[PDB]
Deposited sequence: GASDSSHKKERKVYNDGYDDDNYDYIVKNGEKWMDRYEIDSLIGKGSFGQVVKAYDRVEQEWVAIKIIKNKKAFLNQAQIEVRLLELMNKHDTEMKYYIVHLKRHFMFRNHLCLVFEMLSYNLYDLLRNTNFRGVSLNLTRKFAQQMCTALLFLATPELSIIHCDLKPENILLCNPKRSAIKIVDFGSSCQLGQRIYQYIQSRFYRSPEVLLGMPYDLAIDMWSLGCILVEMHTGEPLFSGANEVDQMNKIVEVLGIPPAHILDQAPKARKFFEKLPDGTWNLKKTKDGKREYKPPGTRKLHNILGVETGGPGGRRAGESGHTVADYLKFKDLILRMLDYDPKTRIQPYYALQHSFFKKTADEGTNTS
């Protein structure tokens, strides 16, 4: 009949009313997001005199504990990044309000998916793409700090926000899927389109999965459409194979889930199972990017910084991010020294 003395709905969510003031401090403006965790509101901090994004976690033990896991990782990252130059969203405070854990973040702007929607999924320039790429690579180098060793585990355009709607600076959000490098506990991880081959194949993984995800993201930012839009894992892996070919044999011989996608022939070589798809490696990135045809769909023909030479540098960096082998896949430090950023 009544939940949390009337403050909650039947689904454990705080009922957000515009104009409330929590603790004589946070003036609640409006709802700016929601999900299974709970809600996100726009609120004015009266003490600090600034807008904030406040994440109100559901009044439910399971979501409360997952939120505290993220708080620990956010506070751990704040100790290593005062001055805030490695592009991770700043958690500035948390408190309990009417049996809800409230996490106070800095107010950011639109996410990179919204931005893509605003271009009607036709992409943004190689110049803006490069700026995002550098910041994201720098951010991955900071996660790679030995004392952190944090896998985000869910990089995608909706989890990268602009700081200011009129600047190109970005921050990474949502460390709810994130963990520190350790023994393998989880196997169904990452959002399908940005899922890495080692995770699809059921194999050991590390911080390299985030670099795979970044490769996929950057091509999407420039094209507008996801690179590998699988409706299921078998479709996902087939779309990777269209572009990058059959994975190397030394990987597939290890893979527990290889037979979900492939068949080991009597001579010990691998090919696809029948489920449609272009032959292996015949949908070349070179043509998806439009290297010699004026970029994706010809729309960058004659734009500054979209020459063939510029496109081959972008292509080369991306193919290093989409290495099937996570041991030889490009790492943050050397991605930053790639010719694409000079």
**OP:** Where the model has no C-alpha, note the corresponding stretch of the deposited sequence, numbering from 1.
**Re:** 1-11, 287-291, 359-368
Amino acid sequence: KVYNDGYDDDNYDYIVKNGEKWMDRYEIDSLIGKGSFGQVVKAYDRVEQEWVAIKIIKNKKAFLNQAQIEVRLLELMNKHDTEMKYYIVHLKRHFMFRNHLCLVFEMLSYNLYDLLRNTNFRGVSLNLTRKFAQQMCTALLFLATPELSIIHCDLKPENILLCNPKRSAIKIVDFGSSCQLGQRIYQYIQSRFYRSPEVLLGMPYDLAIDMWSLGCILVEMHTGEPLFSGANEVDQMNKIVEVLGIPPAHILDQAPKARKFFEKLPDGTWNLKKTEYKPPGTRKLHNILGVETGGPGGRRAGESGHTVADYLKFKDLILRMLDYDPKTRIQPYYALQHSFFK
From here on, numbers count along this sequence of modelled residues.
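Rigid core here is just the name for the largest C-alpha set that superposes within 1.5 Å across the two forms.
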Original post:
Looking at C-alpha RMS in 9 other deposited structures of this protein with the core superposed, is it 47-55 or 276-284 that drifts more?
Top reply: 47-55
Original post:
Taking C-alpha RMS after core alignment, which stretch differs more from the shown form in 9 other deposited structures of this protein: 317-325, or 9-17?
Top reply: 9-17
**OP:** Could you settle it for me: does 331-339 or 1-9 have the higher average Cα B factor in the PDB entry?
**Re:** 1-9
Original post:
Mean C-alpha B factor from the entry: is it higher for 140-148 or for 263-271?
Top reply: 263-271
Original post:
According to the deposited entry, which of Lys156, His90, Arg167, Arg192 has the largest Cα B-factor?
Top reply: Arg167
Original post:
Based on what the PDB entry reports, which of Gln236, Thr129, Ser213, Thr119 has the top C-alpha B-factor?
Top reply: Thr119
Original post:
Ranked by Cα temperature factor within the chain, is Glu20 in the lowest third, the middle third or the highest third?
Top reply: highest
Original post:
Against its chain's modelled residues, does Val47's Cα B factor rank lowest, middle or highest third?
Top reply: highest
Subject >> CA B-factor placement of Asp253, once the chain's modelled residues are sorted into thirds >> reply: highest
Original post:
If you rank every modelled residue in this chain by C-alpha B factor, which third holds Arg98: lowest, middle or highest?
Top reply: highest
Subject >> Position of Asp114 among the chain's modelled residues by C-alpha B-factor, lowest, middle or highest third >> reply: highest
